[PDB]
């Protein structure tokens, strides 16, 4: 699908297969196709400006290769403000050492979810590969939706 995502510098540690780069998927042009993701691989969307994020949608696999999905991969967000924000005990528990919050993860090839209003606006979205994959990973759709 084609969405207008917030302007961003987009990068990955992953090796892509035959031109299937992350920037084209972010732009709606083609699907991302990574060779066998390993623990500690990431996909990074670093926004040019802070974004008030309502929700996110990542769909892995596609019609032609439906088992080429993202497994054991988390959804992490970097708040623009590092301090000056009360957050709940539950939300503090999701804070990583590098200051990203772990808000979600891939379940049967899909990650979709709301952003806690207390974390907005956001400077970056990251997808962290926590464990090794046997399968290649397609990203067919990326939608980061603005709340404002």
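Positions refer to the first chain, counted from 1.
Higher-scoring stretch by recorded Cα B factor average, 96-104 or 81-89
Of 81-89 and 96-104, the stretch with the higher C-alpha B-factor average is 81-89.
Where does residue 50 sit by CA temperature factor within its chain: lowest, middle or highest third?
As the PDB entry reports it, the C-alpha B-factor of residue 50 lands in the highest third of its chain.
How does the C-alpha B factor of residue 62 compare with the rest of the chain: lowest, middle or highest third?
For residue 62, the deposited C-alpha B-factor lands in the middle third.
State the tercile, meaning the lowest, middle or highest third, of residue 122 with respect to the CA B-factors recorded for its chain.
Middle third.
Divide the modelled residues of the chain into thirds by Cα B-factor and specify which third, lowest, middle or highest, holds residue 14.
According to the entry, residue 14 has a C-alpha B-factor in the chain's middle third.
Where does residue 144 sit by CA temperature factor within its chain: lowest, middle or highest third?
It belongs to the lowest third of the chain when residues are ordered by C-alpha B-factor.
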